[PDB]
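For reference, entry.pdb is printed below; it contains PDB, C-alpha atoms.
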ATOM      1  CA  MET T   1      12.516 -11.527  16.976  1.00  0.00           C
ATOM      2  CA  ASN T   2       9.597 -13.666  15.738  1.00  0.00           C
ATOM      3  CA  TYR T   3       5.898 -12.972  15.028  1.00  0.00           C
ATOM      4  CA  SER T   4       3.472 -14.825  17.337  1.00  0.00           C
ATOM      5  CA  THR T   5       1.500 -15.686  14.183  1.00  0.00           C
ATOM      6  CA  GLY T   6       4.115 -18.228  13.039  1.00  0.00           C
ATOM      7  CA  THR T   7       7.711 -18.788  11.883  1.00  0.00           C
ATOM      8  CA  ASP T   8       9.315 -15.651  10.387  1.00  0.00           C
ATOM      9  CA  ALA T   9       9.370 -16.211   6.600  1.00  0.00           C
ATOM     10  CA  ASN T  10      12.601 -15.342   4.735  1.00  0.00           C
ATOM     11  CA  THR T  11      10.668 -13.210   2.224  1.00  0.00           C
ATOM     12  CA  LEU T  12       9.821  -9.625   3.255  1.00  0.00           C
ATOM     13  CA  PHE T  13       6.205 -10.282   2.107  1.00  0.00           C
ATOM     14  CA  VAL T  14       3.513 -12.573   3.640  1.00  0.00           C
ATOM     15  CA  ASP T  15       0.120 -13.929   2.550  1.00  0.00           C
ATOM     16  CA  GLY T  16      -2.926 -11.690   3.199  1.00  0.00           C
ATOM     17  CA  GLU T  17      -0.673  -8.610   3.105  1.00  0.00           C
ATOM     18  CA  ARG T  18      -1.826  -5.520   1.144  1.00  0.00           C
ATOM     19  CA  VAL T  19       0.667  -4.075  -1.411  1.00  0.00           C
ATOM     20  CA  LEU T  20       0.768  -1.681  -4.381  1.00  0.00           C
ATOM     21  CA  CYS T  21       1.156  -2.742  -8.053  1.00  0.00           C
ATOM     22  CA  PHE T  22       2.560  -0.204 -10.575  1.00  0.00           C
ATOM     23  CA  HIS T  23       2.784  -0.633 -14.366  1.00  0.00           C
ATOM     24  CA  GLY T  24       2.786   2.908 -15.801  1.00  0.00           C
ATOM     25  CA  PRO T  25       2.787   6.648 -14.748  1.00  0.00           C
ATOM     26  CA  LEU T  26       0.318   5.774 -11.909  1.00  0.00           C
ATOM     27  CA  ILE T  27       0.303   3.413  -8.896  1.00  0.00           C
ATOM     28  CA  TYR T  28      -2.633   0.985  -8.377  1.00  0.00           C
ATOM     29  CA  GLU T  29      -3.728  -0.997  -5.295  1.00  0.00           C
ATOM     30  CA  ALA T  30      -3.332  -4.798  -5.149  1.00  0.00           C
ATOM     31  CA  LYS T  31      -3.230  -7.707  -2.626  1.00  0.00           C
ATOM     32  CA  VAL T  32      -0.935 -10.726  -2.108  1.00  0.00           C
ATOM     33  CA  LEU T  33      -3.077 -13.910  -2.051  1.00  0.00           C
ATOM     34  CA  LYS T  34      -0.077 -16.177  -1.388  1.00  0.00           C
ATOM     35  CA  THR T  35       3.726 -16.401  -1.656  1.00  0.00           C
ATOM     36  CA  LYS T  36       6.346 -19.132  -2.267  1.00  0.00           C
ATOM     37  CA  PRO T  37       9.293 -18.540   0.223  1.00  0.00           C
ATOM     38  CA  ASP T  38      10.603 -22.060  -0.527  1.00  0.00           C
ATOM     39  CA  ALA T  39      13.255 -20.336  -2.695  1.00  0.00           C
ATOM     40  CA  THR T  40      15.316 -17.109  -3.040  1.00  0.00           C
ATOM     41  CA  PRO T  41      14.726 -15.303  -5.407  1.00  0.00           C
ATOM     42  CA  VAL T  42      11.197 -16.477  -6.253  1.00  0.00           C
ATOM     43  CA  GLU T  43       7.738 -15.527  -7.647  1.00  0.00           C
ATOM     44  CA  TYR T  44       4.725 -14.102  -5.771  1.00  0.00           C
ATOM     45  CA  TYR T  45       0.945 -14.441  -6.263  1.00  0.00           C
ATOM     46  CA  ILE T  46      -0.889 -11.116  -6.581  1.00  0.00           C
ATOM     47  CA  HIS T  47      -4.205  -9.945  -8.092  1.00  0.00           C
ATOM     48  CA  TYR T  48      -5.792  -6.503  -8.624  1.00  0.00           C
ATOM     49  CA  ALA T  49      -8.491  -5.685  -6.037  1.00  0.00           C
ATOM     50  CA  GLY T  50     -12.082  -5.306  -7.341  1.00  0.00           C
ATOM     51  CA  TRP T  51     -11.343  -7.677 -10.259  1.00  0.00           C
ATOM     52  CA  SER T  52     -11.431 -11.401 -11.080  1.00  0.00           C
ATOM     53  CA  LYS T  53      -8.666 -13.371  -9.286  1.00  0.00           C
ATOM     54  CA  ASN T  54      -8.651 -15.958 -12.118  1.00  0.00           C
ATOM     55  CA  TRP T  55      -6.239 -13.602 -13.909  1.00  0.00           C
ATOM     56  CA  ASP T  56      -3.451 -14.958 -11.658  1.00  0.00           C
ATOM     57  CA  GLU T  57      -0.850 -12.147 -12.062  1.00  0.00           C
ATOM     58  CA  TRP T  58       2.459 -13.756 -10.938  1.00  0.00           C
ATOM     59  CA  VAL T  59       5.281 -11.167 -10.400  1.00  0.00           C
ATOM     60  CA  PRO T  60       8.840 -11.063  -8.818  1.00  0.00           C
ATOM     61  CA  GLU T  61       9.605  -9.165  -5.564  1.00  0.00           C
ATOM     62  CA  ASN T  62      11.140  -6.515  -7.872  1.00  0.00           C
ATOM     63  CA  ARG T  63       7.701  -5.300  -9.135  1.00  0.00           C
ATOM     64  CA  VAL T  64       6.289  -5.459  -5.544  1.00  0.00           C
ATOM     65  CA  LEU T  65       6.241  -2.290  -3.371  1.00  0.00           C
ATOM     66  CA  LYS T  66       5.653  -2.195   0.403  1.00  0.00           C
ATOM     67  CA  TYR T  67       2.529  -0.377   1.643  1.00  0.00           C
ATOM     68  CA  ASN T  68       3.485   2.802   3.535  1.00  0.00           C
ATOM     69  CA  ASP T  69       2.089   6.299   4.068  1.00  0.00           C
ATOM     70  CA  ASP T  70       5.090   7.497   1.998  1.00  0.00           C
ATOM     71  CA  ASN T  71       4.226   5.323  -1.040  1.00  0.00           C
ATOM     72  CA  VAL T  72       0.602   6.475  -0.667  1.00  0.00           C
ATOM     73  CA  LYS T  73       1.822  10.098  -0.528  1.00  0.00           C
ATOM     74  CA  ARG T  74       3.602   9.529  -3.879  1.00  0.00           C
ATOM     75  CA  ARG T  75       0.374   8.116  -5.403  1.00  0.00           C
ATOM     76  CA  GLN T  76      -1.470  11.077  -3.932  1.00  0.00           C
ATOM     77  CA  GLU T  77       1.118  13.421  -5.540  1.00  0.00           C
ATOM     78  CA  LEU T  78       0.811  11.630  -8.907  1.00  0.00           C
ATOM     79  CA  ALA T  79      -2.998  11.619  -8.481  1.00  0.00           C
ATOM     80  CA  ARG T  80      -3.042  15.421  -7.957  1.00  0.00           C
ATOM     81  CA  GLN T  81      -0.524  15.851 -10.787  1.00  0.00           C
ATOM     82  CA  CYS T  82      -2.751  13.722 -13.055  1.00  0.00           C
ATOM     83  CA  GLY T  83      -5.691  16.089 -12.519  1.00  0.00           C
ATOM     84  CA  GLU T  84      -5.784  19.156 -14.779  1.00  0.00           C
ATOM     85  CA  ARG T  85      -8.043  21.602 -16.634  1.00  0.00           C
TER
END

structure tokens encoding of this file:
Amino acid sequence: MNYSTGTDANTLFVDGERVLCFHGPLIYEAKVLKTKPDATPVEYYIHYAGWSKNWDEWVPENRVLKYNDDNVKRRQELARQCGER
């Protein structure tokens, strides 16, 4: 059990991976530029897509959500729920 890319990192997240960043009643898209697995627990480097990366938004694995059709479905539900007239 090991990725051909390299040694399997202890953290469940890897650099270049796409993840979701929430901070309110809606879920937004984000990307992991890099991660520090040299410790457990630890911080992770993430920035909002389509915006300046100089913002450097460092966050713990707790505020990080894995990308999956199910999480997207929830955003899609919230997105539909958000719409009204």

| request: Would you kindly translate the PyMOL selection byres ((chain T and resi 41) around 9) into the concrete residues it picks from this file, as a VMD selection string? | output: chain T and resid 11 37 39 to 40 42 to 43 60 to 61

Residue selection dump (C-alpha atoms) as a PDB file, in the frame of the given file:
ATOM      1  CA  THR T  11      10.668 -13.210   2.224  1.00  0.00           C
ATOM      2  CA  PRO T  37       9.293 -18.540   0.223  1.00  0.00           C
ATOM      3  CA  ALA T  39      13.255 -20.336  -2.695  1.00  0.00           C
ATOM      4  CA  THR T  40      15.316 -17.109  -3.040  1.00  0.00           C
ATOM      5  CA  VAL T  42      11.197 -16.477  -6.253  1.00  0.00           C
ATOM      6  CA  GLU T  43       7.738 -15.527  -7.647  1.00  0.00           C
ATOM      7  CA  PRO T  60       8.840 -11.063  -8.818  1.00  0.00           C
ATOM      8  CA  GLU T  61       9.605  -9.165  -5.564  1.00  0.00           C
TER       9      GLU T  61
END

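Relative to CA of residue 3 (chain T), CA of residue 65 (chain T) is found at 21.3 Å.
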
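Distances to residue 48 (chain T) were evaluated for T:18, T:80, T:66, T:31 using all atoms listed in the file, and the minimum falls at T:31.
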
Picked residues, the PyMOL selection byres ((chain T and resi 23-28) around 8), as a JSON list (two decimals) with C-alpha atoms, keeping the file's coordinate frame:
[["chain", "number", "residue", "atom", "x", "y", "z"],
["T", 20, "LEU", "CA", 0.77, -1.68, -4.38],
["T", 21, "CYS", "CA", 1.16, -2.74, -8.05],
["T", 22, "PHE", "CA", 2.56, -0.20, -10.58],
["T", 29, "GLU", "CA", -3.73, -1.00, -5.30],
["T", 30, "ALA", "CA", -3.33, -4.80, -5.15],
["T", 75, "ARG", "CA", 0.37, 8.12, -5.40],
["T", 78, "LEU", "CA", 0.81, 11.63, -8.91],
["T", 79, "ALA", "CA", -3.00, 11.62, -8.48]]

| CA of residue 17 (chain T) and CA of residue 76 (chain T), how far apart in Å? | 20.9 Å

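Across the structure, CA of residue 55 (chain T) and CA of residue 32 (chain T) are spaced 13.3 Å apart.
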
Writing N, CA and C atoms and nothing else, produce region 7-43 of chain T as a PDB file, in the first residue's frame.
ATOM      1  N   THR T   7       6.649   8.419  -1.162  1.00  0.00           N
ATOM      2  CA  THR T   7       6.343   7.841   0.153  1.00  0.00           C
ATOM      3  C   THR T   7       4.974   8.326   0.656  1.00  0.00           C
ATOM      4  N   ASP T   8       4.170   7.402   1.170  1.00  0.00           N
ATOM      5  CA  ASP T   8       2.835   7.734   1.679  1.00  0.00           C
ATOM      6  C   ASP T   8       2.929   8.643   2.918  1.00  0.00           C
ATOM      7  N   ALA T   9       2.521   9.897   2.760  1.00  0.00           N
ATOM      8  CA  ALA T   9       2.549  10.867   3.860  1.00  0.00           C
ATOM      9  C   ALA T   9       1.559  10.466   4.960  1.00  0.00           C
ATOM     10  N   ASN T  10       1.893  10.777   6.207  1.00  0.00           N
ATOM     11  CA  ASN T  10       1.031  10.453   7.353  1.00  0.00           C
ATOM     12  C   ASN T  10      -0.296  11.207   7.253  1.00  0.00           C
ATOM     13  N   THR T  11      -0.231  12.469   6.843  1.00  0.00           N
ATOM     14  CA  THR T  11      -1.430  13.300   6.703  1.00  0.00           C
ATOM     15  C   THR T  11      -2.329  12.740   5.600  1.00  0.00           C
ATOM     16  N   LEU T  12      -3.635  12.941   5.750  1.00  0.00           N
ATOM     17  CA  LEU T  12      -4.623  12.449   4.774  1.00  0.00           C
ATOM     18  C   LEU T  12      -4.686  13.382   3.563  1.00  0.00           C
ATOM     19  N   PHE T  13      -3.973  14.501   3.631  1.00  0.00           N
ATOM     20  CA  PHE T  13      -3.938  15.508   2.538  1.00  0.00           C
ATOM     21  C   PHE T  13      -2.520  15.643   1.953  1.00  0.00           C
ATOM     22  N   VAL T  14      -2.450  15.922   0.657  1.00  0.00           N
ATOM     23  CA  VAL T  14      -1.154  16.083  -0.063  1.00  0.00           C
ATOM     24  C   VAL T  14      -1.154  17.363  -0.898  1.00  0.00           C
ATOM     25  N   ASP T  15       0.040  17.847  -1.224  1.00  0.00           N
ATOM     26  CA  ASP T  15       0.205  19.064  -2.013  1.00  0.00           C
ATOM     27  C   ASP T  15      -0.362  18.898  -3.432  1.00  0.00           C
ATOM     28  N   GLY T  16      -0.996  19.949  -3.941  1.00  0.00           N
ATOM     29  CA  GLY T  16      -1.581  19.944  -5.292  1.00  0.00           C
ATOM     30  C   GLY T  16      -3.004  19.405  -5.271  1.00  0.00           C
ATOM     31  N   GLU T  17      -3.423  18.882  -4.124  1.00  0.00           N
ATOM     32  CA  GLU T  17      -4.781  18.336  -3.972  1.00  0.00           C
ATOM     33  C   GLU T  17      -5.820  19.463  -3.912  1.00  0.00           C
ATOM     34  N   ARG T  18      -7.004  19.199  -4.455  1.00  0.00           N
ATOM     35  CA  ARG T  18      -8.120  20.165  -4.456  1.00  0.00           C
ATOM     36  C   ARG T  18      -9.069  19.835  -3.296  1.00  0.00           C
ATOM     37  N   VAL T  19      -9.387  20.831  -2.475  1.00  0.00           N
ATOM     38  CA  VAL T  19     -10.287  20.651  -1.310  1.00  0.00           C
ATOM     39  C   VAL T  19     -11.274  21.805  -1.219  1.00  0.00           C
ATOM     40  N   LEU T  20     -12.232  21.667  -0.308  1.00  0.00           N
ATOM     41  CA  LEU T  20     -13.272  22.692  -0.090  1.00  0.00           C
ATOM     42  C   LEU T  20     -13.022  23.439   1.229  1.00  0.00           C
ATOM     43  N   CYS T  21     -13.268  24.744   1.212  1.00  0.00           N
ATOM     44  CA  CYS T  21     -13.073  25.613   2.398  1.00  0.00           C
ATOM     45  C   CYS T  21     -14.387  26.306   2.775  1.00  0.00           C
ATOM     46  N   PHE T  22     -14.944  25.947   3.927  1.00  0.00           N
ATOM     47  CA  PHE T  22     -16.206  26.536   4.424  1.00  0.00           C
ATOM     48  C   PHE T  22     -15.911  27.553   5.528  1.00  0.00           C
ATOM     49  N   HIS T  23     -16.806  28.521   5.696  1.00  0.00           N
ATOM     50  CA  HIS T  23     -16.635  29.560   6.720  1.00  0.00           C
ATOM     51  C   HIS T  23     -17.951  30.307   6.934  1.00  0.00           C
ATOM     52  N   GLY T  24     -19.067  29.637   6.660  1.00  0.00           N
ATOM     53  CA  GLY T  24     -20.391  30.249   6.819  1.00  0.00           C
ATOM     54  C   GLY T  24     -21.522  29.290   6.374  1.00  0.00           C
ATOM     55  N   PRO T  25     -22.660  29.785   5.973  1.00  0.00           N
ATOM     56  CA  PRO T  25     -23.799  28.883   5.546  1.00  0.00           C
ATOM     57  C   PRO T  25     -23.600  28.304   4.134  1.00  0.00           C
ATOM     58  N   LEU T  26     -22.453  28.584   3.523  1.00  0.00           N
ATOM     59  CA  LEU T  26     -22.127  28.074   2.159  1.00  0.00           C
ATOM     60  C   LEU T  26     -20.690  27.537   2.104  1.00  0.00           C
ATOM     61  N   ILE T  27     -20.486  26.588   1.196  1.00  0.00           N
ATOM     62  CA  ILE T  27     -19.172  25.945   0.981  1.00  0.00           C
ATOM     63  C   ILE T  27     -18.516  26.537  -0.277  1.00  0.00           C
ATOM     64  N   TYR T  28     -17.247  26.910  -0.146  1.00  0.00           N
ATOM     65  CA  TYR T  28     -16.457  27.503  -1.252  1.00  0.00           C
ATOM     66  C   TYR T  28     -15.306  26.578  -1.652  1.00  0.00           C
ATOM     67  N   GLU T  29     -14.867  26.699  -2.901  1.00  0.00           N
ATOM     68  CA  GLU T  29     -13.767  25.873  -3.429  1.00  0.00           C
ATOM     69  C   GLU T  29     -12.407  26.483  -3.075  1.00  0.00           C
ATOM     70  N   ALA T  30     -11.433  25.616  -2.815  1.00  0.00           N
ATOM     71  CA  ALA T  30     -10.072  26.047  -2.461  1.00  0.00           C
ATOM     72  C   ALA T  30      -9.063  24.985  -2.891  1.00  0.00           C
ATOM     73  N   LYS T  31      -7.771  25.274  -2.772  1.00  0.00           N
ATOM     74  CA  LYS T  31      -6.700  24.326  -3.176  1.00  0.00           C
ATOM     75  C   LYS T  31      -5.542  24.339  -2.174  1.00  0.00           C
ATOM     76  N   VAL T  32      -4.975  23.166  -1.920  1.00  0.00           N
ATOM     77  CA  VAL T  32      -3.839  23.022  -0.993  1.00  0.00           C
ATOM     78  C   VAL T  32      -2.533  23.234  -1.759  1.00  0.00           C
ATOM     79  N   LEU T  33      -1.832  24.331  -1.495  1.00  0.00           N
ATOM     80  CA  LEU T  33      -0.555  24.612  -2.182  1.00  0.00           C
ATOM     81  C   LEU T  33       0.554  23.742  -1.608  1.00  0.00           C
ATOM     82  N   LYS T  34       0.518  23.516  -0.299  1.00  0.00           N
ATOM     83  CA  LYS T  34       1.548  22.692   0.361  1.00  0.00           C
ATOM     84  C   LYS T  34       1.082  22.300   1.755  1.00  0.00           C
ATOM     85  N   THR T  35       1.743  21.305   2.334  1.00  0.00           N
ATOM     86  CA  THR T  35       1.394  20.802   3.676  1.00  0.00           C
ATOM     87  C   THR T  35       2.646  20.449   4.472  1.00  0.00           C
ATOM     88  N   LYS T  36       2.539  20.528   5.794  1.00  0.00           N
ATOM     89  CA  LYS T  36       3.702  20.197   6.677  1.00  0.00           C
ATOM     90  C   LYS T  36       3.425  18.889   7.460  1.00  0.00           C
ATOM     91  N   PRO T  37       3.701  17.728   6.932  1.00  0.00           N
ATOM     92  CA  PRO T  37       3.428  16.428   7.655  1.00  0.00           C
ATOM     93  C   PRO T  37       4.535  16.074   8.653  1.00  0.00           C
ATOM     94  N   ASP T  38       5.465  16.998   8.876  1.00  0.00           N
ATOM     95  CA  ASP T  38       6.580  16.780   9.803  1.00  0.00           C
ATOM     96  C   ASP T  38       6.097  16.788  11.259  1.00  0.00           C
ATOM     97  N   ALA T  39       4.784  16.810  11.461  1.00  0.00           N
ATOM     98  CA  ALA T  39       4.212  16.823  12.819  1.00  0.00           C
ATOM     99  C   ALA T  39       2.734  16.423  12.803  1.00  0.00           C
ATOM    100  N   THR T  40       2.243  15.949  13.942  1.00  0.00           N
ATOM    101  CA  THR T  40       0.830  15.507  14.087  1.00  0.00           C
ATOM    102  C   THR T  40       0.261  15.870  15.498  1.00  0.00           C
ATOM    103  N   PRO T  41      -0.696  16.748  15.624  1.00  0.00           N
ATOM    104  CA  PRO T  41      -1.394  17.525  14.528  1.00  0.00           C
ATOM    105  C   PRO T  41      -0.454  18.564  13.923  1.00  0.00           C
ATOM    106  N   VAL T  42      -0.970  19.323  12.961  1.00  0.00           N
ATOM    107  CA  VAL T  42      -0.148  20.360  12.300  1.00  0.00           C
ATOM    108  C   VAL T  42      -1.019  21.301  11.465  1.00  0.00           C
ATOM    109  N   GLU T  43      -0.413  22.321  10.870  1.00  0.00           N
ATOM    110  CA  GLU T  43      -1.092  23.313  10.022  1.00  0.00           C
ATOM    111  C   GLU T  43      -0.945  22.929   8.536  1.00  0.00           C
TER     112      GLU T  43
END
